[PDB]
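We place every Cβ from the backbone using ideal geometry, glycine too, and count neighbours over all the protein chains shown. Nothing in this text is a laboratory measurement; each read-out follows from the coordinates by a stated rule.
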Ligand SMILES: NC(=O)c1ccc[n+]([C@@H]2O[C@H](COP(=O)([O-])OP(=O)(O)OC[C@H]3O[C@@H](n4cnc5c(N)ncnc54)[C@H](OP(=O)(O)O)[C@@H]3O)[C@@H](O)[C@H]2O)c1
Ligand SMILES: NC(=O)c1ccc[n+]([C@@H]2O[C@H](COP(=O)([O-])OP(=O)(O)OC[C@H]3O[C@@H](n4cnc5c(N)ncnc54)[C@H](OP(=O)(O)O)[C@@H]3O)[C@@H](O)[C@H]2O)c1
Ligand SMILES: [Mg+2]
Ligand SMILES: [Mg+2]
């Protein structure tokens, strides 16, 4: 373990988010001091307020889960917002972290910022080797620049700043809105609406609490500069995923290469059919 | 002419620079109000001071020539500075410009931010189609993100923001320091040191006052979203360039595709051997 979190003060930016809240849940267990700021009190695109907040609380560890995220229609109609919000969050936090000597920093990239036609399964060195997908190019540019700005700080100063590249996420605090772009909630939604009515391609899915655990594992064991994929490893088809969904409700590619994270001795622990059913029931309970 | 500069208030950021000062010189002729801020009074990486300066002077046109520039050794040893300084300048100015409705904005890209192995001559759609040159990747990432952030504002809001992609520049206020990375001053320097001592591959070169004129031409006639190369068009070899240099002192690829700027009716006017000799003499006068 290159670094222990116990005793450190950790800032979890975007703690109300899907990823951020999962990191907070994993962190309630550790022996540390957690530090949060609601979106309503601290806009992380504001460089002044962000620097004073970092320079005052002086955390040892920044985990950047604050972001502007959305489906394809939002990305394509609000590119300036998706580029600026995400890029200014990362620049203001990475620069603030470098100025005061923050010991560790975690920036979050994404599977959808690799080149659109990169060979599958996607290794981390596929980054920037070809054209971006146009529909979320603006989001991707923001996440890549933050990643590269973290890399340059590690290069020039030895700042221990790293980027994780997650994949599609599911689990607690997911989006079940009828306008969600998350295929998995949408299936749980559409299949449940069918069973109660009574009327009658490969993909990856990662549980958010596995992602949270992997993010802490990287913080404790990963010292490299290059980014690290956090994938599911167990894939499934839209057809097979449909069967797994309709077979819990009662109703009648995009693959990452995870060699790097596995060489650090991490692999997701929650099974798809196990996490799905746990998500089906608590959608009902509400 | 889609837009006239006469009557408008134009901010020339980085007016002390090599490009910026040339734009100022071209602008002294126009009927406009020029607005400058010395680097010493306004750090354009500071979002707060930059917004208050834009929101107070309220220019109609922002020309962004402020930047952090250097040769290969600086780029490779100070990547974080070359990424952050340039990216924060562009983000703070583009966002400030969008917030108050700045009618026109010019961001400057560069020839060295195309993929390292893109087919020559480099068309503007070669951007991001392959890996960057590692030595100035950090600079390039900054210039690309600014470019794409300008593009996204034009896309989402119709902000009339454009990027020009110049090539190697020479002319007034050039760098003749013995540590200059500019090959052309270095030859003028090395060849003059030889002639007074007495002891005895293709490239492009663009005159800075041609670049300045082309930048104003784009502002007046170019409404597109995509970037526009501003190249020399007349190329020359390191061997032939050497002959042209040693044949003024008395001593004994990287090519852009300029179709787009030529379809706007612009082509550089200053001849290499004419601008060189004009630069040889005024180096002596000092
Ligand atoms: N396929 C993939 O690779 C993949 C998929 C999903 C996520 N991820 C990664 O995880 C990241 C987070 O995604 P998510 O699903 O957790 O998103 P999310 O649920 O929408 O969370 C965004 C969080 O950031 C906060 N926030 C937004 N703008 C802010 C601002 N200007 N200042 C401060 N806080 C602000 C939000 O606050 P509010 O409470 O105001 O909403 C919320 O807490 C993504 O950006 C991506 O890097 C990767
Ligand atoms: N091959 C190519 O495509 C190529 C080649 C050359 C230039 N260009 C383009 O032209 C741009 C400008 O290059 P240049 O040769 O003119 O560079 P330069 O001579 O070094 O000018 C930089 C200017 O920006 C100012 N500045 C620097 N940091 C600042 C900050 N934080 N806040 C405010 N002002 C700041 C500098 O002020 P000081 O007075 O304090 O120095 C100077 O006025 C480049 O970035 C590039 O886009 C393209
Ligand atoms: Mg989140
Ligand atoms: Mg300049």
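Structure values in brief
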| item | result |
| --- | --- |
| 7 Å along Cα→Cβ, label-point gaps from residue A:197 to other copies, nm, shortest first | 8.6 |
| Shape category assigned to the stretch A:113-156 from the gyration tensor of Cα positions, a/c cut at 1.5 | oblate |
| Beta bridge orientation in the protein assembly as shown: antiparallel %, DSSP, nearest 5 | 10 percent |
| Mean projection area, nm², convex hull over Cα of chain B | 15.2 nm² |
| Tensor-based shape of the stretch B:11-63 (alpha-carbon gyration tensor, a/c under 1.5 rounded, otherwise prolate or oblate) | oblate |
| Relative contact order for the stretch B:10-125, counting Cα pairs under 8 Å that sit 6 or more residues apart, in percent | 29 percent |
| Per-copy distances of the residue B:101 label point, shortest first, in nm (7 angstrom along Cα→Cβ) | 4.9 |
| Separation between Cα centres of the stretch B:49-73 and the stretch A:1-39, rounded to whole Å | 37 Å |
| Span per principal axis, largest first, for the Cα atoms of the stretch A:2-142 (Å) | 44, 32, 27 |
| Order of A:161, A:205 under a 10 Å beta carbon neighbour criterion, fewest first | A:205, A:161 |
| Residues A:192, B:29 arranged by fewest to most Cβ contacts within 10 Å | B:29, A:192 |
| Computed over the stretch A:43-188: relative contact order in percent, which uses C-alpha pairs under 8 Å that are six or more apart | 27 percent |
| Pseudo-label separations to other copies for residue B:263 - Cα-to-Cβ vector, 7 Å, nm | 4.7 |
| The stretch B:193-245-the stretch B:83-109 distance, computed between alpha-carbon centres (Å) | 26 Å |
| Percent antiparallel among DSSP beta bridges (both partners in chain B, rounded to 5) | 10 percent |
| Label point 7 Å beyond Cα of residue A:194 along Cβ direction - residues of the stretch A:217-247 with amide nitrogen under 11 Å | A:242-247 |
| Estimated inter-spin distance, residue A:242 and residue A:29, nm [label 7 Å along Cα→Cβ] | 3.7 nm |
| Order of B:216, A:243 under a 10 Å beta carbon neighbour criterion, fewest first | A:243, B:216 |
| With 10 Å bins from 0: P(r) over the stretch A:137-286, alpha-carbon pairs, percent | 10, 34, 31, 17, 7, 1, 0 |
| Stokes-Einstein D for the protein assembly as shown, Kirkwood Rh over Cα pairs, 4 °C, 1.567 mPa s (µm²/s) | 50 µm²/s |
| Additional length obtainable on full extension of the chain from residue A:39 to residue A:125, 0.36 nm per residue less Cα span | 27.6 nm |
